[PDB]
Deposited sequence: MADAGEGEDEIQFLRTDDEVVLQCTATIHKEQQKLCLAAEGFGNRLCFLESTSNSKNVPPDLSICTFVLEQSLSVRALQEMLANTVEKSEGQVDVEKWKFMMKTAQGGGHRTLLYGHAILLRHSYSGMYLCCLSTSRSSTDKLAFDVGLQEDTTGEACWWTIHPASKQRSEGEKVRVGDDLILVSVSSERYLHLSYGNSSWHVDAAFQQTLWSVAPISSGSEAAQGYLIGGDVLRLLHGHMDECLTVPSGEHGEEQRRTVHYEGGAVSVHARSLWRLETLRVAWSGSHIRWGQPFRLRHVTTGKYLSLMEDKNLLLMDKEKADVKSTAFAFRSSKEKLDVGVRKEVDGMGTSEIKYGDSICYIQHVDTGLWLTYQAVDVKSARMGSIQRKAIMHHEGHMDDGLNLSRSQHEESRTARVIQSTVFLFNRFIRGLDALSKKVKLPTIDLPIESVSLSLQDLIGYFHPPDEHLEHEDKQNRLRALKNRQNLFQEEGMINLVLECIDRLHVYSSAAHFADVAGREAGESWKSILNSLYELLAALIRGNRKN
């Protein structure tokens, strides 16, 4: 029986009815070019990996109207995926939209926690697996589950929804330097200065599915980053222990490492447990809460094992083809030992930004191609993504202090490098080329609709500006 404390990470869950069956849905948001919260299912996990990373919130503050959450407290929920804050927005007749904003000033980002039943009282400690009611301080409406146009949405309304809080991680008891569920990391043969990765961003989607080890500069690039995702929901951010099963998500392409007898990255929808579950072992020799920390970054030598087969993740020596292909084998090599290395928050965020940008721009491009031959043409998301991307690359305002300026400048070079290495310049150029097929905003509108026509020039101007950001000194 555990209590919630600040700096704890949680998923907010509600129960809904789908195909006449109660399914538990999780509160989620992206925050890259979309601010609105939505709902993420945890169904069929034995066959479809859940996307827990967009659903995860950190309990940042908790006060009277690390500290234990009490009923009656106002709390501030930091979305882990974006660094933005759950808030009651002023858009939507009597409901408001719920989403993310940067600004924690004002009452909009604050939520009071209330008993679901007489079982709990104000000032009492919030227990893990207590069903909560959450009230917006700014609007006095409940965090609410609603039905509309054949789907479930989240809004702020004067009707109640019970939310359960599932604990993910507890930052106040996360041992420093140890592997934690949901970590973004690299996997290295340190002696070889090689890391586990996939072919570069100048190859197409189907060409980017194969996995190999590569030395040199990839060890600071986005394509060598992986997210480790455990099989459980509750305590998905607990310490990883030897032999505990997990999936490895390739961040920059979103695909999951899978065994067919070859290794291949597979779409979410194809990523079943038997083919995608691996574990760390400390050699190849024949619970609830954070748990005991066991696997140390930099220090532990780790062997990756496929669970259903027992086979070892290993390499194929180069025959007398430069790079060593990743393969599965019952013996492997005496120097198979992986050294784990934790991703910096910056490169980690940038890799996630790139993967959602690529996904959105690819939809945009496919929409444009369909126009020139029921079309999905996300003009609004494209426009907002481009505004966030241009902010992401904003040069430090000349008014900042020295080290504050130098740190932003260092961060900017890293973002530019990572984007460039993932082929983002050519992606931006391909969007420009497709929009340039049109003579004018009116030409585009005649074909794609008024709204599209009214964003043609502004999207183009943003693409040009982003391009300039992607190459400036």
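Asks: So which bits of the deposited chain never got modelled?
Replies: Gaps vs deposited seq, in order: 1-10, 76-109, 137-141, 310-311, 338-345, 380-385, 439-443, 544-547.
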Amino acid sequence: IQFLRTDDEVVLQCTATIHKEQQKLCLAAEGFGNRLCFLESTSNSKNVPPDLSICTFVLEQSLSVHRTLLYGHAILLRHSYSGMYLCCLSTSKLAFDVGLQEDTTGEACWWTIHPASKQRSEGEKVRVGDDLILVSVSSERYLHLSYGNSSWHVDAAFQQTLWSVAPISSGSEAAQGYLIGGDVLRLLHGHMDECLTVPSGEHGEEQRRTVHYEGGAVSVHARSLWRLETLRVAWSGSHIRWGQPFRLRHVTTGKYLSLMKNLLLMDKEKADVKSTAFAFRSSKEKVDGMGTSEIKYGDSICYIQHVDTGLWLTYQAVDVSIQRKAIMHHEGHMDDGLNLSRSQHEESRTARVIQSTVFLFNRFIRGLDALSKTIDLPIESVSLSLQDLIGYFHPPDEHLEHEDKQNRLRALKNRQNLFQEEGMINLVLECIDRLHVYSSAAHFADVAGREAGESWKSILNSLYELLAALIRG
From here on, numbers count along this sequence of modelled residues.
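Asks: Looking at the deposited entry, does 123-131 or 384-392 carry the larger mean Cα B-factor?
Replies: Comparing 123-131 with 384-392, the higher mean C-alpha B-factor belongs to 123-131.
Asks: Quick one: say whether 375-383 or 393-401 has the higher mean Cα B-factor in the deposited entry.
Replies: The entry gives the higher C-alpha B-factor average to 393-401.
Asks: If you compare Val98, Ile304, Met290, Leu185, which has the highest Cα B-factor in the entry?
Replies: Comparing C-alpha B-factors across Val98, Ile304, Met290, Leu185, the maximum falls on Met290.
Asks: Determine which member of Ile322, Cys109, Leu248, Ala74 has the highest CA B-factor, using the values in the deposited entry.
Replies: Among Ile322, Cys109, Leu248, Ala74, the highest C-alpha B-factor in the entry belongs to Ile322.
Asks: Quick check on the deposited entry: does the C-alpha B-factor of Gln22 sit in the lowest, middle or highest third of its chain?
Replies: For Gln22, the deposited C-alpha B-factor lands in the highest third.
Asks: Sort the modelled residues of this chain by their C-alpha B factor and say whether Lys284 lands in the lowest, middle or highest third.
Replies: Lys284: CA B-factor falls in the highest third of its chain.
Asks: Split into thirds by Cα B-factor across the chain's modelled residues, where does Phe361 land: lowest, middle or highest?
Replies: Lowest third, going by the recorded CA B-factors of the chain.
Asks: Grab the CA temperature factor for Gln160 from the record and place it in the lowest, middle or highest third of its chain.
Replies: For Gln160, whose C-alpha B-factor we compare with every modelled residue in the chain, the answer is the lowest third.
Asks: How does the C-alpha B factor of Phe444 compare with the rest of the chain: lowest, middle or highest third?
Replies: According to the entry, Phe444 has a C-alpha B-factor in the chain's lowest third.
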